[PDB]
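Quick heads-up: the structure tokens below are two forms of one chain, split into structure 1 and structure 2.
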Structure 1
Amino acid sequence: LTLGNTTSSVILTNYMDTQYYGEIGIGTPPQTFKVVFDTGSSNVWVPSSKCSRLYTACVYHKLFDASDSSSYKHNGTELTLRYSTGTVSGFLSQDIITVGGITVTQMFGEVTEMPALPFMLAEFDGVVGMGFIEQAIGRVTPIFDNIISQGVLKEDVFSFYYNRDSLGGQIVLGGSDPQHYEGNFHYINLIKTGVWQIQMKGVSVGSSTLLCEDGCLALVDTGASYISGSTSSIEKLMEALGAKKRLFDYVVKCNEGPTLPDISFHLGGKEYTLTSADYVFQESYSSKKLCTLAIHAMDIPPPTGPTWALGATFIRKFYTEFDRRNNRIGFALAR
């Protein structure tokens, strides 16, 4: 959302490209929802039964009806996600939320305002923010902190795994599964507490280190799917890649697709390489048809930005562990 000023006002709320949802149960009896698990936000929100604006998009989704839950306890505090036009607005509510067996008592957003567009075409109902209280609108206790206080987890950590193909993937709560990765975990300390953002010393194309020299920041957003990074950086990277802008995405000729170089992200002193097969959608091989890379622009303003953002495609190759206890992000080669 746009709102420069604060840390809980500049949140990458992508979802344009998001192929994976999870399920939560709110209330007594539970009311289920398809939710996007985003490490970029820290708020839990679902469409509310109290949403009524004809041009909103709540109509096309599952609504939370507080009246049908015995465990419901109201708050009423207004929360707003501001965009250029228009807004994602609602009010604060408290109820019993169940995620993968774990049951908690959560302060979530009952959304009464959703934009046009893009939400009608969203197959998911709401969002579950996996970030820290520093990014939470209204400073509300995020889902993970609430799970931590239950003392159910082995470790105060969670890890994301994106499957070989397509259930499609999974979030491991309380640790990281050894059947998901090979080798050892490389632990990178966070830049600042309150955001899943790490220091990056450089980005390489081919041989050959071109951009991100003299340092740069890199977010780890699970809600995202592509690799984000400032227009100027992506303009340099794409011109070196031999790709041209086709609007919202960058393309190459499907035949020259696998012939492309390798992108390398220097994180914590280690070489995080990404081959042509990882960042290119090879649906075709014809010299006439166009293949989407993406890797797209995305300009994030301060305090959050200027920053890069490593999405679901990075986590697909690199099994990521999110350590809330030790304030670090651990990467291991996925399998």
Structure 2
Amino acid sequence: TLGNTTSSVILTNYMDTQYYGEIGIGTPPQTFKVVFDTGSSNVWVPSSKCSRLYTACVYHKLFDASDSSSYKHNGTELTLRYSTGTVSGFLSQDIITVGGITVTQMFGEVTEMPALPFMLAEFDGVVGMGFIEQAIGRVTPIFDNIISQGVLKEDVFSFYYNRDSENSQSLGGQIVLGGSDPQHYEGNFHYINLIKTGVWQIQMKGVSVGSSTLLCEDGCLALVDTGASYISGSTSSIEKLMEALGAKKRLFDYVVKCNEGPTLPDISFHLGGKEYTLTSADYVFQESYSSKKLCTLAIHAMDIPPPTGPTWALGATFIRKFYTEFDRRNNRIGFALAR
């Protein structure tokens, strides 16, 4: 069922690596900073029942069911094993407010929150924008529940991720539920169908580094991940890519001498009928131009395990350049040049 509602949530851009917006849980609402994540399908926030020996719980907002009159107990154990770490807790139900839409939602109350990486998190929790097929504990995802209300103009949601400005007047980003915002893209959308329903993953035809270097020559996969900071490939693909850039591997990232940064070649991703090109300005964190300083790249290696992986992941690095529309009705992803 389709209505006429379009609901927009303003996002905060933290250092070009974390984009989060606000949701309200319970009666009266308890507010949380959440990542709207196409690479996961569960809603979770830290719990009041999280042992304060998990220091990430001391530094985050915690959900207290004892202060909510609309809370409905569940208690089923929940373990969410992600690429960056694991969170664990139990299932709870309450009313969630997201941009003006109110939905009764089953979510995870996290009681085990590792300091690595969650002490680096500016957000409190996660809003999974993925399909029910990838939902842990077969919990109905928030977007499915919003669709059931039949209030949205379209069975779509869109993401705009801005470049990190130090100006407060700068909008960090924006998620539109039910449509797209023409104020944040130009030209037209070019759609690529999903390999299969259940994953925000498409076929990638090839990856070009300048003129001479070529990767994904026989085709590969691309997961379009709003909850990933960087563009990611397999360890092997990233080794060849970084060799072509003249980048040096560190513990968790890849760097170049800052002065060399503006000289790096364009990287192009062949998706559907179009080539999606990122210049060095798009993937280099140009913090300086010093020959005496190292500059990080917004590209890393991430070996995603099956059935989803092996796959590339197009994270915030990609979405900043290309406004993205996630189309549930048609099982496709649309890209347009962001503005």
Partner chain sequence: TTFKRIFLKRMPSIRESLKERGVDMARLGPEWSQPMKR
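Just so we're on the same page, rigid core means the largest C-alpha set that superposes within 1.5 Å between forms. Numbering runs along the sequence of structure 1, starting at 1.
- Message: Two copies of the same chain, shown separately. Which of them is the form solved without its partner chain?
- Response: Structure 2.
- Task: State which of the options 57, 297, 280, 66 undergoes a Cα shift of 2 Å or more between structure 1 and structure 2, taking the core as fixed.
- Result: Only 57 moves by 2 Å or more at its C-alpha.
- Task: Note yes or no: does the Cα of residue 12 move by 2 Å or more between structure 1 and structure 2 after the core is superposed?
- Result: Comparing the forms between structure 1 and structure 2, which are aligned on their rigid core, residue 12 does shift its C-alpha by 2 Å or more.
- On a core-based superposition, does residue 82 travel 2 Å or more at its Cα between structure 1 and structure 2? Yes, shifts by 2 Å or more.
- Task: Taking the rigid core as fixed, quantify in angstrom how much the C-alpha of residue 38 shifts between structure 1 and structure 2.
- Result: Superposing on the rigid core gives a C-alpha shift of 1.0 Å for residue 38.
- Query: If the rigid core is lined up, how many Å does the C-alpha atom of residue 208 shift between structure 1 and structure 2?
  - Reply: With the rigid core fitted, the alpha carbon of residue 208 is displaced 4.0 Å between structure 1 and structure 2.
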